[PDB]
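What follows is each chain in one-letter form.
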Amino acid sequence: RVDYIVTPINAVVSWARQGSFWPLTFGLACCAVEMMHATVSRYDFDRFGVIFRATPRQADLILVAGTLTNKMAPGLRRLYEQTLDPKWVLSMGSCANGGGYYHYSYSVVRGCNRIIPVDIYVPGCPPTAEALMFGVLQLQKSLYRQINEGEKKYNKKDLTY
Amino acid sequence: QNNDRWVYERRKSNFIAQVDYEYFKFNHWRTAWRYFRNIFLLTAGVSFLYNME
Amino acid sequence: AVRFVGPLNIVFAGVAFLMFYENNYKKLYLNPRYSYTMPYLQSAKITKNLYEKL
Amino acid sequence: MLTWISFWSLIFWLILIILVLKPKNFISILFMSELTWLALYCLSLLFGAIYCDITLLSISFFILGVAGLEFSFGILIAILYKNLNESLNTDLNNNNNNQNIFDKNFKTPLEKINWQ
Amino acid sequence: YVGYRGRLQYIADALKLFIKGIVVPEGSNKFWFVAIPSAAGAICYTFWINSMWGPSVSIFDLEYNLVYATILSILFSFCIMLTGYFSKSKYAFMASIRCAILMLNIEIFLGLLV
Amino acid sequence: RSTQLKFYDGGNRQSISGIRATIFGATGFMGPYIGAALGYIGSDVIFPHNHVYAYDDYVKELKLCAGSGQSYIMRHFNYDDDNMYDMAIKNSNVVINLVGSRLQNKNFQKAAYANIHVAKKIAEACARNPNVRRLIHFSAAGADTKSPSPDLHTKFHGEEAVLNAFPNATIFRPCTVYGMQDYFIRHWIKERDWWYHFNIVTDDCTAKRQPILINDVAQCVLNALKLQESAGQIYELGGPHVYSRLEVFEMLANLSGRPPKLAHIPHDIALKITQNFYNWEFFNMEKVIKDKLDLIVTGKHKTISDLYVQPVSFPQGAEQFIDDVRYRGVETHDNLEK
Amino acid sequence: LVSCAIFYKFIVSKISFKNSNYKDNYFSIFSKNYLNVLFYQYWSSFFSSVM
Amino acid sequence: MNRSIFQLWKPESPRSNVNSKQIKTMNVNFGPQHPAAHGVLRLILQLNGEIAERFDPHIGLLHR
Amino acid sequence: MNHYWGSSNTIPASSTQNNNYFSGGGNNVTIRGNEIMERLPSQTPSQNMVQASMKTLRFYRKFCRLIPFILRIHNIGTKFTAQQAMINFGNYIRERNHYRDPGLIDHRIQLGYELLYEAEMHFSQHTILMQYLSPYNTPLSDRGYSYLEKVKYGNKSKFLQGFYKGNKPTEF
Amino acid sequence: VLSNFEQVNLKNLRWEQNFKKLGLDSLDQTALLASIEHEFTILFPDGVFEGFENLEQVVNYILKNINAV
Amino acid sequence: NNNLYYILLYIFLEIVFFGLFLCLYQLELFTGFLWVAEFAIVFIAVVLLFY
Amino acid sequence: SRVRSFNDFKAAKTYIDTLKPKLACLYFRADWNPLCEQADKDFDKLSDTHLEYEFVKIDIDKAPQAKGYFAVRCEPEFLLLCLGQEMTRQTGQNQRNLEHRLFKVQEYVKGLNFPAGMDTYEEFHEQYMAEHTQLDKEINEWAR
Ligand SMILES: CCCCCCCCCCCCCCCCCC(=O)OC[C@H](COP(=O)([O-])OCC(O)COP(=O)([O-])OC[C@@H](COC(=O)CCCCCCCCCCCCCCCCC)OC(=O)CCCCCCCCCCCCCCCCC)OC(=O)CCCCCCCCCCCCCCCCC
Ligand SMILES: CCCCCCCCCCCCCCCCCC(=O)OC[C@H](COP(=O)([O-])OCC[N+](C)(C)C)OC(=O)CCCCCCCCCCCCCCCCC
Ligand SMILES: CCCCCCCCCCCCCCCCCC(=O)OC[C@H](COP(=O)([O-])OCC[N+](C)(C)C)OC(=O)CCCCCCCCCCCCCCCCC
Ligand SMILES: CCCCCCCCCCCCCCCCCC(=O)OC[C@H](COP(=O)([O-])OCC[N+](C)(C)C)OC(=O)CCCCCCCCCCCCCCCCC
Ligand SMILES: CCCCCCCCCCCCCCCCCC(=O)OC[C@H](COP(=O)(O)OCCN)OC(=O)CCCCCCCCCCCCCCCCC
Ligand SMILES: NC(=O)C1=CN([C@@H]2O[C@H](COP(=O)(O)OP(=O)(O)OC[C@H]3O[C@@H](n4cnc5c(N)ncnc54)[C@H](OP(=O)(O)O)[C@@H]3O)[C@@H](O)[C@H]2O)C=CC1
Ligand code: SF4
């Protein structure tokens, strides 16, 4: 059966895509600085193999770090759609999560999840650099496990069908 | 607009779709093969046979 | 006998086979063979003289 | 199938025929002129090898330099086309009717010929 | 952390680049969009022939190594320019023009050095 | 029991529609649209799924149907456990089923399982739960026991089992639905782009087709929920006009500007190859079998007019989805601006 | 070399004059004489040189 | 060093082809998702030879 | 004229020419100009409702001349025809035709020109800007409409229709 | 072009009557004239555009015009 | 072919085949000189076509 | 000659192709234009007078494909075909202008001298598709 080959290759693919996890160079608000702080030496991102890429075509993670305004929501949707699959989305900050300090505003979208599917949320205002690091590492672990979460059932011979 | 005048007055006819039953036969390539083998025989094959004999 | 390919195609195949066989035969049996030109058919021995048939 | 001498002698004039044949766009004519110079380059090298003529062999770099200078002049003229308001397709710079062009059509810059 | 003490980071990134999916823009030319990177890869993987590792330790007995290097560099610059042009991004096209200017400078600089 | 459903459709996503709906098989092409139809009025939507890969956009985008606190995704669903169905539909007064055999599946056993076992278990769970006011099962147009297609053959039995288990079940029989993520217009575009010279047909292309827009299908679902009398009846949904496969090819070619070219492969050899080789989305036996079959609205059951939905014509509906893929011929300088 | 010099002479021909015509200050007047001279001289030189 | 004023500036005269934009200028959307832009600047830039000519900044992408 | 609408802001028809060898011309009325709009001076003050009405008519004329280009670029031609969009925007203006303040009208015309420029330059999204072009009481041409409400409430007053429809969620 | 404007009856159409008689207000008139400009790929100067009072004048102007496609 | 880009591509391929003939005739040095001299010309031609 | 009326595009095209007229006059009409009422009468009156033209009538409402195939933009439409190749086209109802176009086309065809064996009838789309393959196909293959 293909599973004999698929499962080890699945593990290798998950390991490779976890090791190389390039987010998009996109910051909107104060949460950008926290992202830069994680990128810089005190909490090196590179240790976990995450390197930022400017073009969405070369990005695996969409770091929605900052407030999203109605004047920008179409742009965020276009960026998400133009990012090559497979991809994940991480909301950072109260403003990106649920509107934050500007939830009662006439210009701010009440949450980036309304425009985009958000894979993970990192609470904070601003989230600490270690908080962002924790969120990214948790996202990486979940990403590695997503390939095979025990969906297929095992038959009498222990081979998934 | 006078530069593009030709395109404005161009009459374009909608396509009619039909099933092509002989597309994979490659009749043009078959004709090329027939011509090539005829020429090859008549010149090279005859010369080679006589010279070999 | 019955043949899917035409008589002209049969003639072409025959003459092409004759060309191939005659070329190889003349290159393999009517040649000095002092130069290693056909691998696995000429010997690969180490020659101690200027002219040694391979 | 053809000896190299006859082949190159023929293809030089064939290249000239192509240059004349193709629609007169300055850039295309410039490319064809460069190809003609290179054909002369190859022919001169062939004859130099045949006749053991160092002069014929050395004509190569002379041809290269002349071709480079002519190409520089051609680039400058093609750029000058803009300031002189001339289409690179020279056939569009005159009102003569040409069946070779699908969409050649010029009118006087007017809106109505008859007022009353 | 990609491999114990980061020993397999390059392997991981290469495998990830393989895994990542690709889509060609609708407005872009489908044939050229894929043809240009293919030619660039072929030229780049031909680069190594023009290399010597000893008095005569070369895969081929090439004499005009500098000519080969210049020609291969010009071909790669061609590929970069075509990439920028056929990807209709204005930034990519400006990058291609910058590549052209760099090639113009490199011609004289490397020629004088040689 | 009572089939009445009191809900308010005058509100936006943040309103309270009054519908609590569980939508099985929402990871398909039509699943997100059907879910969004209910979600955008404030309804609560549950999406039970066991989909690989979990990180697929198909699973991910289901969260956009309703919003935060209204849309829920139930992962690792077990389709042979009754407790799982009970949990899924415990608080739902609407149960929509779109779990059908995929076009990629040629195994008769798997097709029958997907189209019968899951549907029957969902219907039984709805019968057990007294709070399930409405059940909407999605069958296929042209379903028949004598149908060569395993998908249709099993779907007929599936709808029969659903009716037997839950007599108040509403069965839809849509024709070939088209849209941005469909299997018809997108497949046409992708096949023509991958070959660049032809679309490979395996029949005379005389089979009748009656395409319907997915937006129209969603509106039909909403109207069926609004209409209490629609319960316990079978509906066939299709476009205003019927076209053959050749006519559909001609219309698409004319709309997009791409010249048509149909390359014919013998039906028998195509069937043998597809049934003896691995099958995926773009190479499957179901497509070959359904090429000859007619998938149109018959007068044997209720039609879309009964649901009071006016479907849009195929030429008008499909034009927007081929704007990007347009032949670039001779165009005006003004048109060059883009 | 002499042909290049003559081409230089034709290139350095004066183009615009300060005449007494005050009617074309705000209108574009097209004169192709400069390009015609350069074009014909260049291509005649090319043909003669290649031959 | 000689003068270069004429090579350095190009004015526009009324209804004159030579003294006019003889090229289709590049209208680029500098930002918002641009590494140089801070992230919420949508600057419509009119480049002519990669030299900025006309600026139309939009700064409402972070109005709150 | 040093303005976005100036006759010299046309897109050249060729790399080395403007549309001809004997003439100079370009299109700037039915498509966007060559150079971007760096400044949009305020409409000169109108002292009369006559001048205000003339400004409104000229703005509507420009909008009508530009609508086909807007539809083509935004891929919204299927939703409504060019004339349908013109009539819908005409209804939009009719709803505001009661204005009798020249200053307010001038401000409105400035806003309209700005939004028209945004539509030309793709600053806005098609779904966000089609709200002005959408029909007031007619279905969108790219969708199948539902006449269930009309069938149910045929020959019934709008009050009764609204009463049956409701105006508040019934769950709470 | 008028077929788009369903207020006017093309059957009994008098080419000399005013747009107001046909059933077109100023906005309808502007829309109709713009549609005619699009149809014929022409552009009416401001003076003539504002001076048009019925379809006969438009027909005469288009007949005199040579650039109409 | 009337497309300028394809014309330039075919001119480049013609240069390659001329170099191939020179290599076959054993004028390798002149092949290399021709290629280095003309690839720059083709590059400048591509830039001119972009302009 | 008498006007042959068709309601099916397939039938009309098959009849025209089978007949292979040297001079054909195709009249396309739709019910939206009131002037088609007079156009039909004008077409019928001219059909009897002109024996050198094959007069064919098509209703666009009954044959939607005909409009697209024949590139009809406004109606009523008169199309003159010489050996199945478009010679002239008239939009609107005017008997005098239609007859003048018929006269001009027939006199020019009489003056023409086609090469022997190279003047066979061709379908309406053949010339458009030839020009398309020559220009538009290459343009598309270059851009998108
Ligand atoms: C070396 C040792 C020394 C001895 C020599 C040994 C032999 C040396 C061979 C050297 C050449 C090797 C060339 C192949 C390299 C590897 C790639 C490969 O195999 O192809 C996969 C590769 C996958 O396509 P892709 O472009 O990478 O996919 C991009 C995206 O995935 C697409 O993205 P998308 O979103 O557009 O998706 C659209 C949809 C696809 O688009 C659609 O939706 C529409 C199409 C759906 C149905 C597709 C059915 C399969 C169509 C096959 C077409 C073959 C091309 C020629 C057709 C000619 C028609 C007249 O996606 C797909 O399904 C992708 C295509 C899937 C193909 C599955 C089968 C592939 C393997 C078998 C191919 C057998 C072809 C035989 C041809 C005749 C040979 C004489 O390309 C192909 O499929 C075409 C391969 C054609 C050459 C096959 C060569 C091997 C067999 C030769 C015959 C037997 C040996 C004879 C010699 C014996 C000597 C002793
Ligand atoms: C692309 C990769 C390979 C490139 C390099 C290949 C090697 C070098 C080039 C060799 C020549 C190959 C040319 C093949 C072109 C075939 C084109 C075609 O299909 O046309 C069909 C065409 C059209 O096919 P058709 O007519 O059946 O279909 C079209 C029908 N109508 C006309 C109605 C539209 O047939 C012809 O009419 C012309 C056929 C010409 C065939 C020429 C064959 C070669 C002639 C020289 C042979 C010399 C032999 C010497 C032997 C010496 C001893 C060894
Ligand atoms: C030791 C040497 C090392 C270097 C070797 C490098 C070779 C790498 C080869 C990679 C594979 C390329 C494809 C080869 C297979 C055949 C491809 C094919 O189908 O050909 C059809 C096409 C041409 O035909 P077409 O199908 O595109 O269109 C025909 C023309 N019309 C439509 C108008 C009628 O071939 C190509 O164009 C392929 C080009 C590939 C990229 C090559 C770049 C080389 C560097 C620049 C050269 C100068 C360009 C100047 C002009 C600007 C650009 C246009
Ligand atoms: C470096 C590793 C390379 C790995 C390459 C693997 C190539 C494919 C190997 C197939 C092995 C098949 C074993 C017997 C199967 C028995 C089941 C059966 O019914 O046979 C017919 C099977 C079954 O397909 P079916 O559709 O006819 O029936 C389904 C099965 N039933 C009916 C039981 C439900 O189909 C085949 O033709 C063979 C399997 C084709 C599988 C195609 C997908 C391969 C995915 C490979 C993933 C790894 C990629 C590695 C590279 C990654 C690079 C980053
Ligand atoms: C017994 C011992 C062995 C004896 C010797 C055997 C030698 C090998 C066999 C030689 C004969 C091979 C068959 C040749 C058939 C030629 C047929 C022909 O010319 O008809 C035209 C042919 C048909 O056209 P087609 O497009 O295929 O459509 C079909 C229409 N019926 O159109 C074509 O297909 C193209 C035809 C090309 C013709 C090229 C002519 C070249 C002539 C060269 C000079 C030869 C002079 C004779 C030399 C004799 C020396 C002995
Ligand atoms: N052209 C069309 O779209 C038409 C559709 N229909 C009906 O409407 C339904 C919805 O449309 P569409 O989105 O296109 O259909 P899809 O094939 O896209 O979706 C089928 C759904 O059922 C799931 N599924 C498939 N097999 C099984 C199985 N054995 N067990 C459990 N779940 C399974 C799939 O999940 P998974 O991703 O995990 O496989 C998927 O979510 C169809 O299933 C079909 O029955 C009827 C006529 C036409
Ligand atoms: S969540 Fe806080 S820190 Fe982050 S962007 Fe909003 S206000 Fe700034």
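Preceding block: the structure.
Participant: Would you explain the overall build of chain I in this entry?
Facilitator: When its secondary structure is counted, chain I shows 6 helices and 1 strand. Reading chain I from its N end, one meets helices and strands in the order α-α-α-α-β-α-α. Over its C-alpha trace chain I gives a radius of gyration of 21 Å, far above what one expects of a compact globule, namely 16 Å for 172 residues. Based on the C-alpha atoms only, the size of chain I along its principal axes is roughly 70 × 40 × 30 Å. Accessible area for chain I stands at about 9,300 Å²; split by element, carbon and sulfur atoms hold 53% of it.

Participant: I would appreciate a short explanation of the site of ligand 6 in the present structure.
Facilitator: Residues and elements named next belong to chain F. The full set close to ligand 6 counts 22 residues, and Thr 27, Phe 29, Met 30, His 51 and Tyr 183 are the nearest of them. Here an oxygen atom of ligand 6 sits 2.7 Å away from a polar atom, N or O, in the side chain of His 51. Between ligand 6 and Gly 100, the relevant distance is 3.3 Å, taken from an oxygen atom to a main-chain nitrogen or oxygen of the residue. Each residue belonging to the shell around ligand 6 can be placed in one class, and the counts come to 13 nonpolar, 7 polar and 2 charged.

Participant: Whenever I open this one, the interface of chain I and chain F confuses me. Can you help?
Facilitator: Many authors give the size of an interface as the accessible area that is lost as the parts come together. Taken together, the contact between chain I and chain F spans 32 residues of the former and 28 residues of the latter. Summing both sides of the interface, chain I and chain F together bury roughly 2,500 Å²; the carbon and sulfur share of this comes to 51%. The tally of links from chain I across to chain F stands at 1 salt bridge. Where chain I packs against chain F, one counts 9 residue pairs in polar contact. Broken down by secondary-structure element, the contributors of at least two residues to the side of chain I that touches chain F are α1 (49-74), β1 (145-146) and α5 (148-152) of chain I. For the side of chain I that touches chain F, the residue count by class is 12 nonpolar, 11 polar and 9 charged. Bridge count for strand β14 (residues 309-310) of chain F against β1(I) is 2 bridges, and the pairing is antiparallel. Note that in β1(I) the partner of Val309(F) across the bridge is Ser146(I).

Participant: Where do I start with the arrangement of the chains in this structure?
Facilitator: Most contacts, among the 30 pairs of chains that meet, fall between chains F and I. One finds no contact between chain G and chain K; the C-alpha atoms of the two approach each other to within 18 Å at their closest. Separated throughout, chain A and chain L approach each other most closely at a C-alpha pair spaced 19 Å apart.

Participant: I keep staring at the site of ligand 4 and nothing clicks. Help me out?
Facilitator: With respect to spatial proximity, the complete set of residues near ligand 4 consists of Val2(A), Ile5(A), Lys106(F), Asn107(F), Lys110(F), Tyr278(F) and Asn279(F). With respect to ligand 4, the chains having nearby residues are chains A and F.

Participant: What should I look at first to understand the interface of chain F and chain A in this one?
Facilitator: Facing 14 residues of chain F, the contacting portion of chain A comprises 19 residues. Counting the surface lost from both chain F and chain A, the interface buries some 1,500 Å², and carbon and sulfur atoms represent 47% of this. Three residues, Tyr55(F), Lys60(F) and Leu64(F), lead the burial of chain F against chain A; their summed loss comes to 40% of the area buried on that side. Where chain F packs against chain A, one counts 3 salt bridges. Between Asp119(A) and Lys60(F) there is a salt bridge; the shortest N-O distance is 3.3 Å. One can count 9 residue pairs in polar contact joining chain F with chain A. When its residues are assigned to classes, the side of chain F that touches chain A shows 5 nonpolar, 5 polar and 4 charged.

Participant: Just to check I follow, could you spell out the environment of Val50(G) for this structure?
Facilitator: Within the element layout of this structure, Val50(G) appears in helix α2 (residues 33-50). What makes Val50(G) buried here is its relative accessible area of 5%. Spatially, the C-alpha atoms of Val50(G) and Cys4(G) are 15 Å apart, while their sequence positions differ by 46 residues. If we skip the residues at most four places from it in the chain, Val50(G) touches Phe12(D), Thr36(D), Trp37(D) and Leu40(D).

Participant: How should the sheet that holds strand β2 (residues 44-48) of chain F be read in this particular structure?
Facilitator: The strands making up a sheet associate through backbone hydrogen bonding, with each pair oriented either parallel or antiparallel. Residue and element names in this part refer to chain F. Here we have 7 strands laid out as an open sheet, ordered β3-β2-β1-β4-β5-β6-β11, and parallel in their pairing. Pairing within the sheet leaves two strands with one partner each, and these edge strands are β3 (71-74) and β11 (234-237). On average, each strand axis in the sheet is tilted by 20 degrees relative to the strand beside it, whichever way the strands run. Across the sheet, helix α4 (residues 108-128) lies against β1 (20-24), β4 (94-97) and β5 (134-138), angled at about 175 degrees from β4, the strand it touches most.

Participant: Help me understand the pattern of salt bridges, please; the structure alone is not making it clear to me.
Facilitator: Where side chains of opposite charge bring their charged atoms close, a pairing between them can arise. Enumeration over the complete set of coordinates arrives at 56 salt bridges over all chains. A salt bridge links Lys153(A) to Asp80(F); the shortest N-O distance between them is 2.8 Å. Here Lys153(A) is found in the segment after α5 (129-146), whereas its partner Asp80(F) is found in the loop between β3 and α3 (82-88) on a different chain. A residue is classified by how much of its surface remains accessible, and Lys153(A), at 30% relative accessible area, is partly exposed. Across the pair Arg94(I) and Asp25(J) runs a salt bridge, and its minimum N-O distance is 2.6 Å. Placement of the pair is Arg94(I) in helix α2 (residues 82-95) and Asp25(J) in the loop between α1 (19-22) and α2 (26-40), with the two residues belonging to separate chains. Using a relative accessible area of 24% as the deciding quantity, one classes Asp25(J) as partly exposed. Connected through salt bridges with shared partners, the residues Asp82(F), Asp86(F), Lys121(F), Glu124(F) and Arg128(F) form a single ionic network.

What counts, and where the lines are drawn
- Residues numbered from 1 in each chain as written, not as in the entry; some residues may be left out.
- Chains lettered and ligands numbered in written order.
- Part of a larger assembly, values for the part shown.
- Heavy atoms only, no water.
- Helix = DSSP H or I, 4+ residues; strand = E, 2+ residues; numbered from the N terminus.
- Rg over C-alpha atoms; globule rule 2.2 N^0.38 Å.
- Areas by Shrake-Rupley, 256 points an atom, 1.4 Å probe, with all protein chains shown as cover.
- Near = heavy atom within 4 Å.
- Polar contact = N/O pair within 3.5 Å; in protein donor to acceptor, adjacent residues only side chain to side chain.
- Nonpolar A, V, L, I, M, F, W, Y, C, P; charged D, E, K, R; others polar.
- Contact = heavy atoms within 4.5 Å.
- Buried area = accessible area lost by both parts, 1.4 Å probe.
- Salt bridge = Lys/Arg side-chain N within 4 Å of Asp/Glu carboxyl O.
- Pairing = 2+ DSSP bridges.
- Buried < 20%, exposed > 50% of the residue type's maximum accessible area, 1.4 Å probe, protein only.
- Axes fitted to C-alpha atoms, helices over the stretch in contact; angles between N-to-C directions.

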